[PDB]
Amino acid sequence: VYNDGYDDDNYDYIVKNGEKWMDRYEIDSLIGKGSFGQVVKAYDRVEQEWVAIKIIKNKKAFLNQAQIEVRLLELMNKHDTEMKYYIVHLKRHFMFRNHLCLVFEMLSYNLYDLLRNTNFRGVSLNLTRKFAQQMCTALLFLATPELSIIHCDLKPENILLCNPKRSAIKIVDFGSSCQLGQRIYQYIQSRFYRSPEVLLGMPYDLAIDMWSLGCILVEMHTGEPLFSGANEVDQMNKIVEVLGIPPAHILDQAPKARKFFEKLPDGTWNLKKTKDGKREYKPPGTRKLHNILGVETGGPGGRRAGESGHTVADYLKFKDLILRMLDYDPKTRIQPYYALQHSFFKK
């Protein structure tokens, strides 16, 4: 028996359709599972609305981290400006049957579900621009000095539509987030969206979220992850195919440089030597975003040829923004305020 029969063997609450909690919430059903717990849909009798309840796993390490999440959600939800409306709203939280429960405003499907719905053809450049703009505005809000919040797990599954037929989005899952100067983990971010500084074991700041955004925006237009590594070695090799070897000044300070690269007597770096015969990656920097995006050939896979809103000029602007978001140097990587001034967003 776990938690007196209330929990399964993975620390999760065994959800039961129709259950009424605290003479207030009427559980409709389980609507998602993840590493930190479950999200159920529930009707709130007192406020008379549908809400999403995240039931955190009944396990100390999960509980203690989720408490950092709550503090951050409360700090974001109360901070004064209107940019705060890109962040999901925590309505309240309580303990129930030894689980921490967070009650959220109801939202629709995530950006991954949207892509799946197009059969991974990708969404239009116009829709991509709308998501990009909203996300940069969310990132500008997190960068406001009082908050200085690093999300740490930006990816299509954590950006949700408010309404399934409309373009407005919100960011969820601050379960791994921290504030600048309160960093506690080293292996963070989903692998495909993971930044080079984290791969390399280096100190990291808010710039890691802009790296993830760049990866996300390409994926949303092409339908396909930009850097789809099966593990860390493979993830760094895939980044290198597109962007080249990272600059000497970063690798010279990187504790995990030698997991992926080796230093030559001249002071320059290469990828680590591999078995004779064993070709697997394109040579450094020869997989061009120019071709992935199909800038001059009708978009990703030619699928946008002779469509409105997908001109060569449009694509050149989009490509420039993306490369500025995928700068290897977290100190010169484009910051949210300047990204919003990019010609890609001109009216």
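When you see a residue number, it is the position in the sequence shown, counting from 1. For clarity, a rigid core is taken as the largest C-alpha set superposing within 1.5 Å between two forms.
Remark: when the other structures in 9 other deposited structures of this protein are fitted onto this one via the rigid core, 26 to 34 deviates more than the alternative among 26 to 34 and 317 to 325, judged by RMS CA distance. In a rigid core superposition of the other structures in 9 other deposited structures of this protein, 205 to 213 and 113 to 121 differ in how far their CA atoms stray, and the farther one is 113 to 121. For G229, the fraction of other compared entries lacking coordinates, among those that model flanking residues, is zero, nowhere near a third.
Looking at the other PDB entries for this protein, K275 is absent from the model in a third or more of those that include the residues around it. Annotation for 255 to 263 versus 78 to 86: the higher mean temperature factor (C-alpha) is found in 78 to 86. Stretches compared: 272 to 280, 138 to 146. Higher mean C-alpha B-factor in the entry: 272 to 280. Split the chain's modelled residues into thirds by C-alpha temperature factor. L127 is in the lowest one. Ranked against the other modelled residues of its chain, the C-alpha B-factor of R287 as given in the entry falls in the highest third.
In the PDB entry, a CA B factor belonging to the middle third of its chain's modelled residues is recorded for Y315. The PDB entry assigns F104 a C-alpha temperature factor belonging to the lowest third of its chain's modelled residues. The entry lists a Cα temperature factor for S35 that places it in the highest third of the chain's modelled residues.
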